[PDB]
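Just one chain follows, in the form deposited in one PDB entry, and it is written as structure tokens.
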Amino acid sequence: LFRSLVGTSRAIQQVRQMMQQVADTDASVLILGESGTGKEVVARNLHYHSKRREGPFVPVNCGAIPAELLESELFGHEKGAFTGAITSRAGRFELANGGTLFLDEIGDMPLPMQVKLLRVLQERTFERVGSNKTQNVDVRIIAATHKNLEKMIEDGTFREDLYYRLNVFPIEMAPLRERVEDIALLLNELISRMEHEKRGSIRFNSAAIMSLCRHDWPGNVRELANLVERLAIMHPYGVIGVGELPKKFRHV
């Protein structure tokens, strides 16, 4: 249902204390971090330690959904609202009512939805596409981005008004390279995960761990996870030394 946040680094302790400070509030949470730094983890964990903890967790991938369809997707539509609407459909908002609405890649939202979103957050009311019935919405907002929304705001591609209404309680996730002391504990977490799912088994010696620590980790913790998966096939039930690492990961 959720994951804990593993690590001993100052920053990850800070993230945990921050998470606790805000979870049971209904305040808007914006999580920033590079891809695969733990942002969704933080989000679902926030939800199951919140007032929405017995409600729905409803993700929206703002970048993945085509701009022309994003409106219907968030707000639902009436039958005949647009071409291909032989249905009347509840939106992500409607489904998220009483639970959490998790706005991922919020920087990839089109300006048109950024404004529509803010009126929904401010008024707490919405209409399905093609409708004039105003409807009630009770969602806790959580958002995440890997983009620099501040520069976007200067570029004129992200709304400043929306920025401050979403950024009440920012949480910053450090990239893996800036917390290489966490790698061993994260590796224990990932291996243990794999062993419980019956996906295999490995373990790393100390040499191979400090080699991993000089890695730059462009995919951060998700890329660490990937590596655990590949080694489990390449050296099944084996011990991973420098030699068992792919050459890309050996740093000596």
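Just so we're on the same page, rigid core means the largest C-alpha set that superposes within 1.5 Å between forms. All residue numbers are counted from 1 along the displayed sequence.
Same protein, other form: the form deposited in another entry, not shown, and the subject of what follows.
Legend entry - Residue shift check between this form and the one not shown, rigid core fit, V22 Cα at least 2 Å: No, shifts by less than 2 Å.
Legend entry - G200: Cα shift of 2 Å or greater between this form and the one not shown (core-aligned): Result for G200: yes, a 2 Å-plus shift.
Inset, instruction - Kindly check if the Cα atom of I191 is displaced 2 angstroms or more between this form and the one not shown relative to the superposed rigid core. - result: Shift at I191: 2 Å or more after core fit.
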